[PDB]
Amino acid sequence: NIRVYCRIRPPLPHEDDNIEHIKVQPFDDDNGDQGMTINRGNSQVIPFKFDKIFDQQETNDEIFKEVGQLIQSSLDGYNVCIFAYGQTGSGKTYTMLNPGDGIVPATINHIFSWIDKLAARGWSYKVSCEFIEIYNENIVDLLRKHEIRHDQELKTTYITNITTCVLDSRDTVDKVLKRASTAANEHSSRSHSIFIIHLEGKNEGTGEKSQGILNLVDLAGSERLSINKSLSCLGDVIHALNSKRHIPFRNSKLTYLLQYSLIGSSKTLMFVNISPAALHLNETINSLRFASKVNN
């Protein structure tokens, strides 16, 4: 299962708040989809359809209501990927990492709720995480040679010398996230940011085990400037997973790292973040056309 949401951020103060060129239709019930058009100027109107479209008023909290169900998969042993795609400036970091509100803090919080509750059935759970950044195919550890190693048999993935932080408490979580320059911003906007949560549960009373990975990914900006190569290769991978045939995971680090959370029963959701601004009509269109191939 692969789902695609689109999110339009509100206009910024230093920009022009004219959003006449984007129009979003109501959620089509009997076809499970939401449409939008973009008026390109010269009256050439381009249609798009996604699984859900979030307008400028929609908040991080509202957005999590429509993601929560996917997160709950990792308790049934599914692997999960949530990607944020779109141009630098469109709100990827804000969507994934906004304090308290973003997909990452919200996900972590949501998972604890379920852990608290499942303890009543004798499930006990270990939660650990890793937080990495990939730039020009170099892995940097944001909790500090880093090599990827897969275990064919157990279908698991390891990155060498990465600090894995054990999430023991809501206090322990809060420290890690509270912890999370001009050059630095340019740098991270050309990088993927991956937050990996591992969920391990055992239930002595039944004997049952469970594992779940959640990969919360904040991608390199999609505008044209290697970053280009890994975005295309992600596109090709996901589309081909949607269509039994051969998938070149190894063609880029990002897809090679995430391969076991993209094959099989794995569930994926992509956020296409778009800017509402006039100057960015073209980059918005590329983002939408990309999101369509990934979805269609």
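Numbering starts at 1 and follows the sequence shown.
Where coordinates are absent for parts of the deposited sequence, a chain break appears; between neighbours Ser243 and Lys244 it spans 4 to 9 residues.
In terms of unmodelled positions of the deposited sequence, the stretch from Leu225 to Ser226 in this entry skips 10 or more residues. The deposited model assigns a higher average Cα B-factor to 165-173 than to the other stretch when 145-153 and 165-173 are compared. Of the two segments examined, 262-270 and 34-42, it is 34-42 that shows the higher average Cα temperature factor in the deposited entry. Between the residues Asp29, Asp51, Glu66, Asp236, it is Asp29 that shows the highest Cα B-factor in the PDB record. Looking at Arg190, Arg179, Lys126, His110, the one whose CA carries the top B-factor in the deposited record is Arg179. Sort the modelled residues of the chain by CA B factor and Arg289 lands in the middle third. The PDB entry assigns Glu204 a C-alpha temperature factor belonging to the highest third of its chain's modelled residues. In the deposited entry, the Cα temperature factor of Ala120 sits in the top third of values across the chain's modelled residues. When the modelled residues of the chain are ordered by C-alpha B-factor, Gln56 sits in the highest third.
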